[PDB]
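*Asks:* Would you mind keeping the following structure in view while I ask a few things?
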Amino acid sequence: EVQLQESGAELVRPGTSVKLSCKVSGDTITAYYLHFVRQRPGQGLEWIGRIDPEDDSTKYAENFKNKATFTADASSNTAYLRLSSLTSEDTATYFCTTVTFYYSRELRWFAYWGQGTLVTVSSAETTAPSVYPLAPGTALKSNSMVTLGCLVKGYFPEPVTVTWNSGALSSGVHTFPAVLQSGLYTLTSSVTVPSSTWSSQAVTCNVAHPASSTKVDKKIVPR
Amino acid sequence: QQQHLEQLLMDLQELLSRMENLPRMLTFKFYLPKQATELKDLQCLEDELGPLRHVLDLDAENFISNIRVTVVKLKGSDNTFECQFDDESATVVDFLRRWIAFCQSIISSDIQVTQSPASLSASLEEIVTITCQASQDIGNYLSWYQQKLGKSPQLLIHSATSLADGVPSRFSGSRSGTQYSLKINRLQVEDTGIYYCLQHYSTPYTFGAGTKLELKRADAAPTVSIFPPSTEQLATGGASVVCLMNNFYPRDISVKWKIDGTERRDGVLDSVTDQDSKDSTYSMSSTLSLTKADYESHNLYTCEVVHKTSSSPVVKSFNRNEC
């Protein structure tokens with residue numbers, strides 16, 4: 001029943017602070033200790049610290065003493081983590097997760113996790129991405145397969161969400177990890193579909209970049 | 001021996017006596033074994049000292065800590081009895097009364113954790129073991145978690161040995177003193193992913209460094225596709241040629257871009273997907289970024305791919321001059 005929602009600025013400038021939030025639904029927040037965990041890219045989970053909404057009693061990891069402050073409001077059912085003196089090493093995904101002794105044993109230890117929220121510390125500015133279709137250089141064969149794609153070039157910061165046909169195509173899809181080069185990210189997404197579906201139905205990629213409030217849909221057309 | 005028991009009894013009598021004298025600490029849910037008849041059953045008491053600590057409000061740490069050392073002295077240290085808890089919960093009071101009764105009945109530094117291996121590839125139906133080693137006696141206060149595609153971790157095994165609700169029955173947890181083992185009884189396709197242990201015995205909590213598990217598969221040749229710059233992009237003054245290699249195994253592969261017969265290495269970006277959770281293959285994207293000016297100065301663009309599935313390199317090309 002319970003869900004936790006992490007939210008916060010996607011881009012922050014070195015030396016500033018950032019304030020993350022954890023919105024709990026499906027139950028009161030007074031039943032949970034709320035713990036924050038971060039994961040730098042291609043690294044493992046690091047426990048940041050926790051706060052007890054009951055009394056605001058907090059605990060911190062060694063390495064986040066004097067970086068981190070936990071705060072809460074019960075009536076808003078949301079927990080806060082403030083992180084100060086930011087450097088590039090703070091660029092990471094932040095999750096929140098729970099401990100509880102008010103239910104079963106199986107529900108005590110980090111049973112629930114937020115979806116996670118990426119935070120980039122950087123001096124660069126929010127750059128909207130450019131979307132370009134990858135369409136077959138050679139024409140259609142009736143009864144076969146076909147692979148289409150979208151280049152999403154030159155955006156900052158992470159992340160971007162790609163879909164195909166607003167969710168209707170989920171199989172046959174590969175969205176590759178973005179690559180930074182010269183301050184900008186570039187990713188491709190592909191989808192493999194029947195030769196019939198391409199001529200009969202429209203095939204479109206929907207790319208979102210919430211950091212720049214960009215929304216782009218692009219139909220892939222033969223060339 | 002029986003000086004240890006009576007000391008425990010009085011410590012538990014002390015706890016019960018000074019617990020009763022608001023209805024806020026009565027919400028915490030403790031759990032008891034079905035049967036508690038031997039000294040080695042005191043493992044089940046040790047397992048509940050975590051919550052027992054939290055309820056103890058208003059440096060009582062010393063009290064629980066010294067109870068624990070007494071229990072460790074009493075339960076046996078030779079072997080690791082797994083406790084079997086009843087589903088029915090108890091207040092802090094009834095729990096205390098129960099263990100007190102059991103005692104009367106029977107009288108007649110930050111914690112480091114090392115995970116290993118760091119990475120592993122294994123076949124379908126294989127039995128896999130992952131280990132965590134704790135720097136200290138942490139008892140049953142370690143749990144195992146899974147994570148895929150950098151998404152939300154998911155609890156697999158809690159309290160060293162208990163399966164979480166929701167988790168496949170093939171996952172199981174074992175403990176021998178300070179050695180903890182996550183075992184996957186006959187690996188499935190969807191098991192590709194990262195596994196982490198977490199000590200949650202005392203603050204600060206600590207995760208293991210993680211284990212990257214990949215599935216072995218039979219070989220699979222890539223589907224190779226090359227794409228010229230879109231007219232839309234050329235208009236913008238850029239020219240990205242893209243090569244997609246899809247659903248290949250193993251992951252080890254090499255791609256060269258040639259322009260009119262000559263290798264270009266600058267302006268190339270490579271990206272590889274994580275192992276597919278349904279087919280255990282990999283896919284790869286190679287993009288060669290040129291200026292429109294540069295792109296329009298040459299004719300033949302080739303993506304040349306080396307993979308073990310072919311004795312000669314797989315080649316995909318286009319001539320700009322046609323399109």
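Convention: chains lettered A, B, ... in structure tokens order; per-chain residue numbering from 1; ligands numbered from 1 as shown.
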Only residues of chain B matter here; which ones have an atom within 7 Å of chain A, counting only C-alpha atoms? Give them as a PyMOL selection string.
*Replies:* chain B and resi 27-29+51+151-153+155+158+164-165+204-207+209-210+227-228+230+232-233+271-273+323
*Asks:* Take the residues just selected and output them with C-alpha atoms as a PDB file, in the first residue's frame.
*Replies:*
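Final file, out-v6.pdb:
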ATOM      1  CA  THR B  27       2.465   0.092  19.497  1.00  0.00           C
ATOM      2  CA  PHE B  28       5.851  -1.550  18.860  1.00  0.00           C
ATOM      3  CA  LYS B  29       5.407  -5.180  17.766  1.00  0.00           C
ATOM      4  CA  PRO B  51      13.243  -2.834  18.807  1.00  0.00           C
ATOM      5  CA  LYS B 151      16.172   1.475  -9.966  1.00  0.00           C
ATOM      6  CA  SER B 152      14.732   1.059  -6.469  1.00  0.00           C
ATOM      7  CA  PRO B 153      16.493  -1.589  -4.354  1.00  0.00           C
ATOM      8  CA  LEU B 155      14.537  -6.347  -0.005  1.00  0.00           C
ATOM      9  CA  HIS B 158      15.794  -9.779   6.088  1.00  0.00           C
ATOM     10  CA  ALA B 164      10.700 -11.199   2.384  1.00  0.00           C
ATOM     11  CA  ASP B 165       7.100 -11.454   1.245  1.00  0.00           C
ATOM     12  CA  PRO B 204      25.916   3.983  11.218  1.00  0.00           C
ATOM     13  CA  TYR B 205      24.359   1.368   8.957  1.00  0.00           C
ATOM     14  CA  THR B 206      26.709   0.051   6.252  1.00  0.00           C
ATOM     15  CA  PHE B 207      26.122  -1.530   2.857  1.00  0.00           C
ATOM     16  CA  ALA B 209      30.104  -2.939  -1.885  1.00  0.00           C
ATOM     17  CA  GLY B 210      27.779  -5.095  -4.032  1.00  0.00           C
ATOM     18  CA  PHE B 227      21.699   5.162 -39.985  1.00  0.00           C
ATOM     19  CA  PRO B 228      22.753   8.275 -41.976  1.00  0.00           C
ATOM     20  CA  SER B 230      18.610  12.904 -40.463  1.00  0.00           C
ATOM     21  CA  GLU B 232      16.580  17.653 -39.717  1.00  0.00           C
ATOM     22  CA  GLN B 233      19.983  17.404 -38.074  1.00  0.00           C
ATOM     23  CA  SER B 271      26.958   2.966 -25.071  1.00  0.00           C
ATOM     24  CA  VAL B 272      25.990  -0.546 -23.937  1.00  0.00           C
ATOM     25  CA  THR B 273      22.720  -1.666 -22.312  1.00  0.00           C
ATOM     26  CA  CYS B 323      21.194   8.127 -49.855  1.00  0.00           C
TER      27      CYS B 323
END
*Asks:* Give me the residues near residue B:47 as a list in words, where near means some atom within 9 Å (using only C-alpha atoms) and where sequence neighbours in that chain fewer than 5 positions away do not count.
*Replies:*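 Listed by chain and then number, they are residues 42, 83, 139, 140, 141 and 159 of chain B.
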*Asks:* Would you please work out which residue, of A:89, A:14, A:197, A:83, is nearest to residue A:144 when using only C-alpha atoms?
*Replies:*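 Closest residue, counting only C-alpha atoms: A:197.
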*Asks:* Excluding same-chain residues fewer than 4 positions from residue A:22, what lies within 6 Å of it counting only C-alpha atoms, as a list in words?
*Replies:* residues 5, 6, 78 and 79 of chain A
*Asks:* Using N, CA, C and O atoms, can you write the selected residues to a file as a tab-separated table (two decimals), in the first residue's frame?
*Replies:*
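And here's out.tsv as it stands now:
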chain	number	residue	atom	x	y	z
A	5	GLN	N	8.15	9.11	-2.14
A	5	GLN	CA	8.42	9.84	-3.35
A	5	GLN	C	9.57	10.80	-3.11
A	5	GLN	O	9.41	11.73	-2.33
A	6	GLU	N	10.68	10.63	-3.84
A	6	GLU	CA	11.77	11.58	-3.69
A	6	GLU	C	11.67	12.65	-4.77
A	6	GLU	O	11.28	12.37	-5.90
A	78	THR	N	5.79	14.30	5.02
A	78	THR	CA	6.96	14.42	4.18
A	78	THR	C	8.17	14.72	5.06
A	78	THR	O	8.06	15.44	6.06
A	79	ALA	N	9.29	14.13	4.66
A	79	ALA	CA	10.57	14.23	5.33
A	79	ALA	C	11.58	14.93	4.43
A	79	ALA	O	11.56	14.75	3.21
*Asks:* Identify all residues of stretch 88-186 of chain A in strand (DSSP E or B) (DSSP on the backbone) and supply them as a count of residues only.
*Replies:* 50
*Asks:* Counting only C-alpha atoms, what is within 10 Å of residue A:119, bar same-chain residues fewer than 5 positions away, as JSON, numbers by chain?
*Replies:* {"A": [7, 8, 9, 10, 11, 12, 18, 20, 40, 90, 91, 92, 93, 94, 157, 158, 159]}
*Asks:* Can you write just those residues out, N, CA, C and O atoms, as a short mmCIF file (atom, residue, chain, number, x, y, z; two decimals), in the first residue's frame?
*Replies:*
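Final output, result_31.cif:
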data_model
loop_
_atom_site.label_atom_id
_atom_site.label_comp_id
_atom_site.auth_asym_id
_atom_site.auth_seq_id
_atom_site.Cartn_x
_atom_site.Cartn_y
_atom_site.Cartn_z
N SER A 7 12.00 13.88 -4.37
CA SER A 7 11.80 15.06 -5.19
C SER A 7 12.81 16.11 -4.76
O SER A 7 13.18 16.18 -3.58
N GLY A 8 13.28 16.87 -5.74
CA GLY A 8 14.29 17.89 -5.49
C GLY A 8 14.89 18.40 -6.79
O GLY A 8 14.84 17.71 -7.80
N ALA A 9 15.45 19.62 -6.74
CA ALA A 9 16.22 20.23 -7.81
C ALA A 9 17.08 19.18 -8.50
O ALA A 9 17.78 18.42 -7.84
N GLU A 10 17.04 19.14 -9.83
CA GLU A 10 17.82 18.17 -10.58
C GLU A 10 19.25 18.67 -10.79
O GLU A 10 20.16 17.87 -10.90
N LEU A 11 19.41 20.01 -10.85
CA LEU A 11 20.68 20.70 -11.06
C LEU A 11 20.91 21.75 -9.95
O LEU A 11 20.03 22.55 -9.66
N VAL A 12 22.10 21.73 -9.35
CA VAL A 12 22.52 22.62 -8.28
C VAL A 12 23.97 23.01 -8.53
O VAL A 12 24.74 22.22 -9.06
N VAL A 18 21.21 21.86 -1.40
CA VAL A 18 20.03 21.31 -2.05
C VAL A 18 19.11 20.75 -0.97
O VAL A 18 19.56 20.33 0.10
N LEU A 20 16.14 17.95 -0.55
CA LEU A 20 15.36 16.82 -1.04
C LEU A 20 14.15 16.61 -0.14
O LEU A 20 14.16 16.99 1.03
N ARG A 40 26.28 7.18 -5.99
CA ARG A 40 26.94 7.89 -7.06
C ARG A 40 26.89 7.01 -8.29
O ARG A 40 26.65 5.82 -8.16
N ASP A 90 28.90 14.98 -4.91
CA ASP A 90 27.55 14.79 -4.43
C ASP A 90 26.60 14.42 -5.57
O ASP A 90 25.42 14.14 -5.31
N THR A 91 27.09 14.41 -6.83
CA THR A 91 26.23 14.07 -7.96
C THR A 91 25.89 12.59 -7.91
O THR A 91 26.77 11.76 -8.09
N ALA A 92 24.61 12.27 -7.66
CA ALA A 92 24.18 10.95 -7.25
C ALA A 92 22.66 10.86 -7.26
O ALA A 92 21.94 11.87 -7.38
N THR A 93 22.17 9.63 -7.16
CA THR A 93 20.75 9.37 -7.00
C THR A 93 20.50 9.27 -5.50
O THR A 93 21.26 8.58 -4.82
N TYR A 94 19.44 9.92 -5.02
CA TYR A 94 19.06 9.85 -3.61
C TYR A 94 17.75 9.06 -3.48
O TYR A 94 16.75 9.38 -4.13
N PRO A 157 20.95 18.79 -17.40
CA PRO A 157 21.62 17.58 -16.92
C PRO A 157 20.72 16.37 -17.12
O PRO A 157 19.62 16.48 -17.68
N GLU A 158 21.19 15.23 -16.60
CA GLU A 158 20.41 14.02 -16.55
C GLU A 158 19.20 14.28 -15.66
O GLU A 158 19.24 15.20 -14.84
N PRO A 159 18.09 13.52 -15.79
CA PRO A 159 17.88 12.53 -16.85
C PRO A 159 16.91 12.92 -17.97
O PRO A 159 16.39 14.03 -17.97
#
*Asks:* Residue B:244: which residues within 7 Å, counting only C-alpha atoms, same-chain residues fewer than 2 positions away excluded, as a list in words?
*Replies:*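 Close residues of residue B:244: residues 224, 225, 226, 242, 246, 284, 285 and 286 of chain B.
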*Asks:* Can you tell me which residues surround residue B:101 at a distance of at most 12 Å, considering only C-alpha atoms, apart from same-chain residues fewer than 5 positions away, and format the answer as a list in words?
*Replies:* residues 5, 6, 8, 9, 10, 12, 13, 16, 36, 37, 94, 95, 96, 106, 107 and 108 of chain B
*Asks:* Go ahead and save the picked residues with C-alpha atoms, as a PDB file, in the first residue's frame.
*Replies:*
ATOM      1  CA  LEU B   5      20.771 -16.886  33.829  1.00  0.00           C
ATOM      2  CA  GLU B   6      19.738 -15.344  37.166  1.00  0.00           C
ATOM      3  CA  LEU B   8      19.564 -12.202  32.824  1.00  0.00           C
ATOM      4  CA  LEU B   9      16.344 -12.929  34.703  1.00  0.00           C
ATOM      5  CA  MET B  10      16.891  -9.975  37.047  1.00  0.00           C
ATOM      6  CA  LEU B  12      14.623  -8.822  32.345  1.00  0.00           C
ATOM      7  CA  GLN B  13      12.741  -8.397  35.655  1.00  0.00           C
ATOM      8  CA  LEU B  16       9.570  -5.275  32.958  1.00  0.00           C
ATOM      9  CA  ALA B  36      11.384 -21.833  24.060  1.00  0.00           C
ATOM     10  CA  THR B  37      12.828 -24.710  26.080  1.00  0.00           C
ATOM     11  CA  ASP B  94       4.056  -9.458  27.211  1.00  0.00           C
ATOM     12  CA  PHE B  95       7.334 -10.115  25.360  1.00  0.00           C
ATOM     13  CA  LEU B  96       9.275  -9.247  28.555  1.00  0.00           C
ATOM     14  CA  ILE B 106      14.883 -22.966  32.242  1.00  0.00           C
ATOM     15  CA  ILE B 107      16.743 -22.277  35.497  1.00  0.00           C
ATOM     16  CA  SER B 108      15.490 -25.757  36.595  1.00  0.00           C
TER      17      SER B 108
END
*Asks:* Work out how far atom CA of residue A:33 is from atom CA of residue B:24, in Å to one decimal.
*Replies:*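 Taking atom CA of residue B:24 and atom CA of residue A:33, their separation equals 15.1 Å.
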*Asks:* I want to know what sits within 7 Å of residue B:181, based on only C-alpha atoms, with residues of the same chain fewer than 2 positions away left out; could you give that as a PyMOL selection string?
*Replies:* chain B and resi 129-132+173-175+179+183
*Asks:* Could those residues be written to a file, using C-alpha atoms, as an mmCIF file, in the first residue's frame?
*Replies:*
data_model
loop_
_atom_site.group_PDB
_atom_site.id
_atom_site.type_symbol
_atom_site.label_atom_id
_atom_site.label_comp_id
_atom_site.auth_asym_id
_atom_site.auth_seq_id
_atom_site.Cartn_x
_atom_site.Cartn_y
_atom_site.Cartn_z
ATOM 1 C CA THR B 129 26.356 -18.127 -3.344
ATOM 2 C CA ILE B 130 27.239 -14.557 -2.366
ATOM 3 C CA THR B 131 29.083 -13.811 0.879
ATOM 4 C CA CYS B 132 29.277 -10.942 3.327
ATOM 5 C CA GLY B 173 19.958 -16.611 3.488
ATOM 6 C CA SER B 174 22.384 -18.415 5.778
ATOM 7 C CA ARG B 175 24.673 -17.335 8.557
ATOM 8 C CA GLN B 179 29.843 -15.030 7.641
ATOM 9 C CA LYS B 183 22.004 -18.266 -1.924
#
*Asks:* Using only C-alpha atoms for the distances, tell me which of B:111, B:269, B:198, B:26 is nearest to residue B:89.
*Replies:* B:26
*Asks:* Please, what distance in Å, to one decimal, runs between atom CA of residue A:166 and atom CA of residue A:196?
*Replies:* 19.4 Å
*Asks:* Write out as a ChimeraX atom specification the set of residues from stretch 204-273 of chain B that DSSP, computed on the backbone, places in helix (DSSP H, G or I).
*Replies:* /B:231-235
